[PDB]
Amino acid sequence: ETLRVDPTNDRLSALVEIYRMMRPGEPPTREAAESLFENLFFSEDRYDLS
Amino acid sequence: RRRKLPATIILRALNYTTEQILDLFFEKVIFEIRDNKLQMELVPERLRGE
Amino acid sequence: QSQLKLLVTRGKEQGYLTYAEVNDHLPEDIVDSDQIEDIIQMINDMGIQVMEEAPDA
């Protein structure tokens, strides 16, 4: 059902949608849409469970 | 803590195709079409409460 | 359709005025400081008819 209500279909649209959800303003690109998602749960300088 | 999104969008954001996503939560059921009919990989334990 | 039906059917009347609910069930770019006052104005005060003044606006 979750997939049934999912607009995105690949990785680009996913990262872009997340980018527009987090930072609603500037047009989502490639580097920004990726680096933003990486600096959320996949970077020591931006995420740490200690 | 922002607006809600389908929890499969992060999976796609982790480079997961829809087929791969389906093969990560659910158990698959294979059907065969042989001798002009429909067969099924029956699992007795799965028939509980049906 | 979407916004109207969801807002009306849900808020009946959401009891404690559950604000942190339907604001996510809205489109466009979120986290604004503009759309806020347009929801805290309709829910209470002029009840019943105000919920009919909301959609038309």
# chains A, B, ... in the order shown; residues from 1 in each chain; ligands from 1
$ interface_residues --of "chain B" --to "chain A" --cutoff "9 Å" --atoms "only C-alpha atoms" --output "list in words"
residues 2, 3, 5, 6, 7, 8, 9, 10, 11, 12, 13, 14, 15, 16, 17 and 18 of chain B
$ write_last_selection --atoms "C-alpha atoms" --output "PDB file, in the first residue's frame"
ATOM      1  CA  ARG B   2       8.424  17.427   9.001  1.00  0.00           C
ATOM      2  CA  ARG B   3       5.627  16.466   6.601  1.00  0.00           C
ATOM      3  CA  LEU B   5       6.252  10.826   2.995  1.00  0.00           C
ATOM      4  CA  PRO B   6       5.730   7.192   1.916  1.00  0.00           C
ATOM      5  CA  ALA B   7       8.415   5.182   3.725  1.00  0.00           C
ATOM      6  CA  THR B   8       9.480   3.597   0.428  1.00  0.00           C
ATOM      7  CA  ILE B   9      10.920   6.853  -0.904  1.00  0.00           C
ATOM      8  CA  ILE B  10      13.943   6.536   1.380  1.00  0.00           C
ATOM      9  CA  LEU B  11      14.425   3.000   0.079  1.00  0.00           C
ATOM     10  CA  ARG B  12      14.471   4.369  -3.466  1.00  0.00           C
ATOM     11  CA  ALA B  13      16.808   7.049  -2.122  1.00  0.00           C
ATOM     12  CA  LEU B  14      19.102   4.187  -1.129  1.00  0.00           C
ATOM     13  CA  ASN B  15      19.135   2.989  -4.742  1.00  0.00           C
ATOM     14  CA  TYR B  16      16.485   0.285  -4.358  1.00  0.00           C
ATOM     15  CA  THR B  17      14.228  -0.634  -7.273  1.00  0.00           C
ATOM     16  CA  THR B  18      10.552  -1.438  -6.692  1.00  0.00           C
TER      17      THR B  18
END
$ interface_residues --of "chain A" --to "chain C" --cutoff "8 Å" --atoms "only C-alpha atoms" --output "number ranges by chain"
A: 20-21, 24-25
$ residues_around --residues "stretch 2-16 of chain C" --least-positions-apart "4" --cutoff "10 Å" --atoms "only C-alpha atoms" --output "list in words"
residues 21, 22, 23, 25, 26, 27, 43, 44, 47, 51, 52, 54, 55 and 56 of chain C
$ atom_distance --atom1 "atom CA of residue B:29" --atom2 "atom CA of residue B:42"
8.6 Å
$ select_by_dssp --residues "chain B" --states "strand (DSSP E)" --output "list in words"
residues 31, 32, 39 and 40 of chain B
$ write_last_selection --atoms "N, CA, C and O atoms" --output "short mmCIF file (atom, residue, chain, number, x, y, z; two decimals), in the first residue's frame"
data_model
loop_
_atom_site.label_atom_id
_atom_site.label_comp_id
_atom_site.auth_asym_id
_atom_site.auth_seq_id
_atom_site.Cartn_x
_atom_site.Cartn_y
_atom_site.Cartn_z
N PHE B 31 4.28 -19.00 -9.10
CA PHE B 31 3.29 -19.80 -9.82
C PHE B 31 3.86 -20.30 -11.14
O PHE B 31 4.66 -19.61 -11.77
N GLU B 32 3.46 -21.49 -11.55
CA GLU B 32 3.90 -22.04 -12.82
C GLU B 32 2.73 -22.30 -13.76
O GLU B 32 1.67 -22.76 -13.33
N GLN B 39 -0.52 -23.77 -11.52
CA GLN B 39 -0.05 -24.47 -10.32
C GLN B 39 0.42 -23.47 -9.27
O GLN B 39 0.51 -22.28 -9.54
N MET B 40 0.72 -23.97 -8.07
CA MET B 40 1.14 -23.09 -6.98
C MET B 40 2.06 -23.79 -5.98
O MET B 40 1.82 -24.93 -5.58
#
$ select_by_dssp --residues "stretch 7-43 of chain A" --states "helix (DSSP H, G or I)" --output "list in words"
residues 11, 12, 13, 14, 15, 16, 17, 18, 19, 20, 21, 22, 31, 32, 33, 34, 35, 36, 37, 38, 39, 40 and 41 of chain A
$ decode --residues "stretch 24-44 of chain C" --atoms "N, CA, C and O atoms" --output "short mmCIF file (atom, residue, chain, number, x, y, z; two decimals), in the first residue's frame"
data_model
loop_
_atom_site.label_atom_id
_atom_site.label_comp_id
_atom_site.auth_asym_id
_atom_site.auth_seq_id
_atom_site.Cartn_x
_atom_site.Cartn_y
_atom_site.Cartn_z
N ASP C 24 0.20 18.77 7.33
CA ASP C 24 1.04 17.90 6.53
C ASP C 24 0.24 17.34 5.36
O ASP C 24 0.80 16.92 4.35
N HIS C 25 -1.08 17.35 5.51
CA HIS C 25 -1.97 16.88 4.46
C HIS C 25 -2.30 18.00 3.48
O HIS C 25 -3.39 18.05 2.92
N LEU C 26 -1.33 18.90 3.29
CA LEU C 26 -1.47 20.00 2.34
C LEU C 26 -0.30 20.02 1.37
O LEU C 26 0.79 19.56 1.70
N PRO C 27 -0.53 20.54 0.16
CA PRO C 27 0.44 20.52 -0.94
C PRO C 27 1.44 21.67 -0.90
O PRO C 27 1.60 22.33 0.13
N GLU C 28 2.11 21.90 -2.03
CA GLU C 28 3.04 23.01 -2.19
C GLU C 28 4.24 22.90 -1.25
O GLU C 28 4.38 21.92 -0.52
N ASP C 29 5.10 23.91 -1.27
CA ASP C 29 6.26 23.96 -0.39
C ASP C 29 5.83 24.26 1.03
O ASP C 29 5.13 25.25 1.29
N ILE C 30 6.26 23.42 1.97
CA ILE C 30 5.80 23.51 3.35
C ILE C 30 6.68 24.44 4.18
O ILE C 30 7.37 25.30 3.63
N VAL C 31 6.64 24.26 5.50
CA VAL C 31 7.38 25.07 6.47
C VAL C 31 7.33 26.57 6.16
O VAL C 31 8.37 27.23 6.11
N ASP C 32 6.13 27.09 5.96
CA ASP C 32 5.94 28.52 5.75
C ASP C 32 5.41 29.18 7.01
O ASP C 32 4.83 28.51 7.87
N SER C 33 5.61 30.49 7.13
CA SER C 33 5.05 31.24 8.25
C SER C 33 3.90 32.12 7.76
O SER C 33 3.64 33.19 8.31
N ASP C 34 3.21 31.64 6.73
CA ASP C 34 2.14 32.39 6.08
C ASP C 34 0.80 31.67 6.19
O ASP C 34 -0.22 32.29 6.50
N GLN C 35 0.81 30.37 5.92
CA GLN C 35 -0.42 29.58 5.90
C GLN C 35 -0.92 29.26 7.30
O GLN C 35 -2.04 28.78 7.47
N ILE C 36 -0.10 29.53 8.31
CA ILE C 36 -0.41 29.18 9.69
C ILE C 36 -1.68 29.84 10.21
O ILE C 36 -2.58 29.16 10.70
N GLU C 37 -1.76 31.16 10.10
CA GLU C 37 -2.87 31.93 10.66
C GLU C 37 -4.20 31.61 9.98
O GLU C 37 -5.26 31.92 10.51
N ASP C 38 -4.13 31.01 8.80
CA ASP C 38 -5.33 30.72 8.02
C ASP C 38 -6.00 29.42 8.45
O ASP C 38 -7.00 29.00 7.86
N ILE C 39 -5.46 28.79 9.48
CA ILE C 39 -6.03 27.55 10.00
C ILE C 39 -6.46 27.72 11.46
O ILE C 39 -7.44 27.12 11.90
N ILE C 40 -5.72 28.54 12.19
CA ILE C 40 -6.05 28.84 13.58
C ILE C 40 -7.21 29.82 13.66
O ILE C 40 -7.69 30.16 14.74
N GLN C 41 -7.66 30.28 12.49
CA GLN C 41 -8.73 31.27 12.41
C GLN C 41 -10.08 30.63 12.11
O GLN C 41 -11.13 31.19 12.45
N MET C 42 -10.05 29.46 11.49
CA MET C 42 -11.28 28.81 11.02
C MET C 42 -11.85 27.81 12.02
O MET C 42 -13.06 27.78 12.25
N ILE C 43 -10.98 27.00 12.62
CA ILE C 43 -11.41 25.88 13.47
C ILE C 43 -12.45 26.25 14.53
O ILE C 43 -13.53 25.67 14.55
N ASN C 44 -12.12 27.21 15.39
CA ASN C 44 -13.03 27.58 16.47
C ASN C 44 -13.72 28.92 16.22
O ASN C 44 -13.89 29.33 15.07
#
